[PDB]
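As a plain string of letters, each chain reads:
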Protein chains: 2
Amino acid sequence: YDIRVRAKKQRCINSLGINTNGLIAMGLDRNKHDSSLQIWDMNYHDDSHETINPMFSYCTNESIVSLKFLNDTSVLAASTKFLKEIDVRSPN
Amino acid sequence: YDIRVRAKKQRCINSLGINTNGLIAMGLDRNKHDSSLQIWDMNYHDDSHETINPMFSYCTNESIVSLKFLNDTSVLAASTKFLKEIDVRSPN
């Protein structure tokens, strides 16, 4: 098909990763009131809205400039000052 | 395998539904501080804890006594006084 989606706050998408199990992550620029690593599934997305509803949100007030999906659960994200590895089964 | 899971507050599981896309719902008794329709995926469950982390929570202060998965997104839940149909793509 063809679907346009965006964050709650509209800002540049630096990085993008689509996993094997359909899970989609997003790397955005720096916004103090929104997460820069929003991970969600397209199967649970309401088609009536452009904004996404993220299952997992990380990296508030940061600028995720690169990300990669290592496996079905963990994501290796890179900010402008840090190099992170985030697992969706943990909040840390 | 074999995994035992439970709600944050331990109470009787009246109803249970496992969907085709791996999504699992749960019908519990009445607790005023916890949801009685907790929907989650087993792929994003931390194996180090017994308590579940629900992606979608509904029906607080109710006793879900029967539930059924109509399709990949909507669930037809039944409380002790109401008959509901809840879609996970909407908060209503």
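Residues numbered from 1 in each chain as written, not as in the entry; some residues may be left out. Chains lettered and ligands numbered in written order. Part of a larger assembly, values for the part shown. Heavy atoms only, no water.

cryo-EM is the method the PDB entry lists for this structure, together with a resolution of 2.95 Å.

### Looking at the sheet that holds strand β7 (residues 86–87) of chain A
Backbone-to-backbone hydrogen bonds pair the strands of a sheet. The strands run either parallel or antiparallel. All names here are of chain A. Strand order in the open sheet made by the three strands is β5-β6-β7, with antiparallel pairing throughout. Every other strand in the sheet has two partners, leaving β5 (66–69) and β7 as the edge strands with one partner each. Relative to strand β6 (residues 74–78), β5 is paired through four bridges, and the arrangement is antiparallel. Counterpart to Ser66 in the pairing with β6 is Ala78. (Pairing = 2+ DSSP bridges. Helix = DSSP H or I, 4+ residues; strand = E, 2+ residues; numbered from the N terminus.)

### What to know about the layout of surface pockets
Approximately 510 Å³ is the volume found for the largest pocket. Lining the largest pocket are 26 residues, with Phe56 and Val88 of chain A together with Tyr44, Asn53 and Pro54 of chain B sitting closest to its centre. Broken down by secondary-structure element, the contributors of at least two residues to the lining of the largest pocket are β3 (35–41) and β4 (56–60) of chain A together with β3 (35–41) of chain B. For the lining of the largest pocket, the element with the most residues is β4 of chain A, which contributes three residues. Residue composition of the lining of the largest pocket, by class: 14 nonpolar, eight polar and four charged. (1 Å grid on protein atoms, 1.4 Å probe; cavity = no way out; pocket = protein on both sides within 12 Å on 5 of 7 lines; lining within 4 Å. Points joined across faces, edges and corners; volume = space filled by probe spheres on them. Nonpolar A, V, L, I, M, F, W, Y, C, P; charged D, E, K, R; others polar.)

### Section: the pairing of β6 of chain A
Residue and element names in this part refer to chain A. Counting buried residues along β6, four of its five residues qualify, which places the element largely inside the surrounding structure. Hairpin remark: β5 followed by β6, antiparallel, with four residues in the connecting loop. Note that β6 and β7 share two bridges and pair antiparallel. Paired with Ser74 across the two strands is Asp87, which belongs to β7. (Buried < 20%, exposed > 50% of the residue type's maximum accessible area, 1.4 Å probe, protein only.)

### Focus: the interface of chain A and chain B
Taken together, the contacts link twelve residues of chain A with twelve residues of chain B. Between chain A and chain B lies a buried interface of about 940 Å² when both sides are counted; carbon and sulfur atoms form 57% of it. There are zero salt bridges connecting chain A and chain B. Between chain A and chain B we count two residue pairs in polar contact in total. Split into classes, the residues belonging to the side of chain A that touches chain B amount to five nonpolar, four polar and three charged. (Contact = heavy atoms within 4.5 Å. Buried area = accessible area lost by both parts, 1.4 Å probe. Salt bridge = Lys/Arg side-chain N within 4 Å of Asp/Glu carboxyl O. Polar contact = N/O pair within 3.5 Å; in protein donor to acceptor, adjacent residues only side chain to side chain.)

### Observations regarding the environment of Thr20 of chain A
Residues and elements named next belong to chain A. Positionally, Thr20 belongs in the loop between β1 (13–18) and β2 (23–28). Given a relative accessible area of 75%, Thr20 falls into the exposed group. Taking the C-alpha atoms as reference, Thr20 lies 25 Å from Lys8; in sequence the two are twelve residues apart.

### Topic: the packing of aromatic side chains
Summed over the entire model, instances satisfying the criterion amount to two aromatic pairs over all chains. When the ring of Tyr44 of chain A is compared with that of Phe56 of chain B, the centres are 5.7 Å apart and the planes differ by 85°; the resulting orientation is edge-to-face. With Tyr44 of chain A in the loop between β3 and β4 and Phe56 of chain B in strand β4 (residues 56–60), this residue pair bridges two chains. Taking relative accessible area as the criterion, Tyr44 of chain A reaches 11% and is therefore assigned buried. (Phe/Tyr/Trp six-rings, centres within 6.5 Å; stacked < 30°, edge-to-face > 60°.)

### Re the pattern of salt bridges
In a structure, side chains of opposite charge can pair up when their charged atoms sit close to one another. As enumerated under the stated definition, the model contains eight salt bridges over all chains in all. In this structure, the salt-bridge partner of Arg89 of chain A is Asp87 of chain A, at a minimum N-O distance of 3.7 Å. Here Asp87 of chain A falls in the partly exposed class, since its relative accessible area comes to 23%. Notably, a salt bridge pairs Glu62 of chain B with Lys84 of chain B, separated by 3.2 Å at the nearest N-O pair. Of the two residues, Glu62 of chain B is situated in the loop between β4 and β5 (66–69) and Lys84 of chain B in the loop between β6 (74–78) and β7 (86–87); the sequence distance between them amounts to 22 residues.

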